[PDB]
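**Student:** If you scroll down you'll find the structure; I have some questions about it.
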Amino acid sequence: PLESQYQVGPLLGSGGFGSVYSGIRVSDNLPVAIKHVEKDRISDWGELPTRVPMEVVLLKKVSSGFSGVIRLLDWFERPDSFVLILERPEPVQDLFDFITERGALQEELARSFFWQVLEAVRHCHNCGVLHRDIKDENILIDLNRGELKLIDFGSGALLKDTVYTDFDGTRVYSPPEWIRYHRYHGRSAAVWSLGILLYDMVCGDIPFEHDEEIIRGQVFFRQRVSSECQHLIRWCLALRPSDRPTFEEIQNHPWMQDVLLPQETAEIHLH
Ligand SMILES: Clc1ccc2c(c1)N(CCC[C@@H]1CCCNC1)c1ccccc1O2
């Protein structure tokens, strides 16, 4: 019934995540995204009360209620692929393209965006999900509402308190303990990736490209950035996992005070 229930539109993008198309739910005209993944390229499987990709398990765990995560609406199995039906904000732009187009973000805008990402990541952790690929390309902006939404749980895992020794996320957002030892814990690795993201936001590019820079952990600013924002970044990017802030500590940091709500953010910065 997939073919009769959704009208397929243009291809939005393709990559390690598969191929994603614009779609409309025929029942009520709801904008959707339709994501196809070949079965042979699914390395990571889990189970429902049947055998599904882990991405479906993780999405179901985070798609209850409202959150800053793009929600799984339905899924289908085909003989050689799985098809996922996801929310699609309209109009929308991913944060990578937004930053590529507009350059380094004003701190007020970065503060609003970063705050929303923190809230979304807390939501995932609350639901027992570790994203493991937090980055600009996995954040969508609802341009009218100023609301950010996390995508792509394809490298994610169940959250646990023991060590992870596997990683299939983005290397330049990966922490020094992974580079050096192939070992990390969930929350502290997530905080590292958040430091990279925040730098990316306020500087318009990522801080490290090579392994040696990651391991050295020295952050240089190319752009004028406030002392308070530089401090938070350097704290998230502490070389020792135990020296990094908790999410609570990030959200109580001086730089994170007086965040704009999403709608005000869109009025000032996006309209
Ligand atoms: Cl609109 C929209 C809804 C839901 C989406 C996704 C997009 N995408 C992203 C599609 C590729 C981007 C589109 C914009 C230009 N840059 C490339 C996605 C990518 C990977 C997993 C889930 C996803 O779920």
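Throughout, chain A uses Swiss-Prot numbering, with the displayed residues spanning 33-81, 84-305 in order.
Method reported for this entry: X-ray crystallography, 2.0 Å.
Cβ atoms here come from the backbone N, Cα and C positions, even for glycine.
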**Student:** Given the candidates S46, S97, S261, specify the residue that Swiss-Prot annotates with phosphoserine.
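**Tutor:** Comparing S46, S97, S261 with the record, Swiss-Prot tags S261 as phosphoserine.
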**Student:** Which one of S51, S98, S276 gets the tag phosphoserine in Swiss-Prot?
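**Tutor:** The residue tagged phosphoserine by Swiss-Prot is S98.
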**Student:** Could you check what DSSP calls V52 (ATP binding site) once collapsed to helix, strand or coil?
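**Tutor:** Going by the DSSP assignment, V52 (ATP binding site) falls within a strand, counted as strand.
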**Student:** Which recorded positions, if any, among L44, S46, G48, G50, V52, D167 have a Cβ under 6 Å from ligand 1, given in order along the chain?
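**Tutor:** So the answer is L44, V52.
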**Student:** When you rank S98, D167, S261 by Cα distance to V52 (ATP binding site), which of the recorded positions ends up on top as the closest?
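**Tutor:** Closest by Cα: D167.
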